[PDB]
Ligand SMILES: [Cl-]
Ligand SMILES: [Cl-]
C-alpha cells in the first residue's frame, strides 16, 4: 500500500529539513520496509517551483506527499490536485491549504515552557521582556503561550512584547539595544527564536549589560553553540523542536489516512523539550 513518498521542503540542506527527511525515511521503513521509494526535493521557498513538484509527484503516482509549503494559501490548488488523484497530503511545520493532516511543533507550549522557566528562575518576581518576531502562526503562538504563563505571576512585570526583531540576529540586536536604552533593569528575556536570542545576547555584550538571562526557541545548532560555548553568554535555555519526530508522525498519520482512517480535524502538535545546562551534553540536535 505504501510504495512511494514525495517530499518537498524549503531547503534540503537546512539541518532542520535534513531531520525532516530522516524522519520520513525512518517511518516509511518502519511501516513498509526497505523498498519504499522516498523522493526528496527542495522548493527553494518558491511557490511556482513547489507547485511543479507536486504535479510531478502526482504524475509519478506517489502514495503520499510530505509538504513544507512555500506559500500556505498559494499551494492550495496543487494540494487539491493531489487529493483528487487519491494522494494523501500531510503538511509539516507550517499549514498547507487543504492538507489531509498538518503536523507542527507545539509552539504554544514552546512559549509557555520558556516563560515558565524564566518565571521560576526569577522566583516569580522581576522585569521581563518578550522580543517578538514576524506575524506568523508559530511565532504568534509562542508569544501567546509565553504571555499566558507570565500572567500567572503578579510580580513578573512585562516591559515590552510588541517589537518585531524579524527572527534574526540583526533584529534581535536592534530591538534589545532599544530595550536596554529604555529599561535600566531587565531580569529575564524571552526571544521568539534562537537567532533573535543570540542577537539580544550580542546587544547585551555591546552594552556591557548582564543582569538578565535569555531564553530562545528551537533547540537549533545556533542554540547549541551558545549553550556549549566556553566564553560568556546570557543565553541559557531553548525549547527544542524535534523535526525527525514531526516527520515520522506525518508519515504515520498519512499512512493511517491512506488505510481509510479519518483525517484529524486539527493540526497535530509535537511536544518541545527544554534544553539547558543540565541536558545540553545529552541533547541530540539537528546536525
Ligand atoms: Cl524552521
Ligand atoms: Cl540571523
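Numbering (the entry's author numbering), first residue to last: 26 to 312.
C-beta: ideal position from N, C-alpha, C; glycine also.
Cα-Cα separation between residue i and residue j, rounded to whole angstroms
i	j	result
residue 137	residue 165	12 Å
residue 67	residue 48	16 Å
residue 245	residue 310	7 Å
residue 59	residue 45	18 Å
residue 283	residue 124	13 Å
residue 95	residue 122	11 Å
residue 32	residue 120	15 Å
residue 11	residue 230	Because the chain in this structure spans residues 26 to 312, residue 11 falls outside the shown range and cannot be described.
residue 281	residue 30	14 Å
residue 8	residue 37	It is not possible to answer for residue 8, since the shown part of the chain is limited to 26 through 312.
residue 54	residue 27	10 Å
residue 181	residue 228	23 Å
residue 287	residue 275	14 Å
residue 315	residue 178	This structure gives no information on residue 315, because the portion of the chain shown stretches from 26 to 312.
residue 146	residue 184	18 Å
residue 143	residue 42	29 Å
residue 291	residue 232	45 Å
residue 248	residue 195	16 Å
Per-residue DSSP class, three states only, for residue i
i	result
residue 221	helix
residue 226	helix
residue 43	helix
residue 323	Outside the displayed range of the chain (26 to 312) lies residue 323, so it cannot be described from this structure.
residue 83	helix
residue 179	coil
residue 191	coil
residue 274	helix
residue 265	strand
residue 57	helix
residue 302	coil
residue 150	strand
residue 120	coil
Spatial neighbours of residue i in its chain, beta-carbon cut-off 8 Å, leaving aside the 5 residues before and after
i	result
residue 277	52 and 56
residue 193	220, 221 and 224
residue 169	133 and 136
Cβ shell of residue i (< 7 Å), same chain only, five flanking positions each side left out
i	result
residue 253	305
Contact set for residue i: own chain, Cβ-Cβ below 6 Å, skip 5 residues either direction
i	result
residue 118	93 and 129
residue 163	132
residue 62	29
residue 214	154, 225, 237 and 239
Exercise answer, beta-carbon shell around ligand 2 heavy atoms below 5 Å: 193, 194 and 220
The segment 290-309 / the segment 143-153 touching (three or more Cβ pairs under 8 Å): no
Cβ contact (3+ pairs, closer than 8 Å) linking the segment 83-91 and the segment 102-121: yes
Validate contact between the segment 220-227 and the segment 190-199 using beta carbons, cut 8 Å, 3 pairs: yes
At least 3 beta-carbon pairs within less than 8 Å: the segment 68-76 vs the segment 287-301: no
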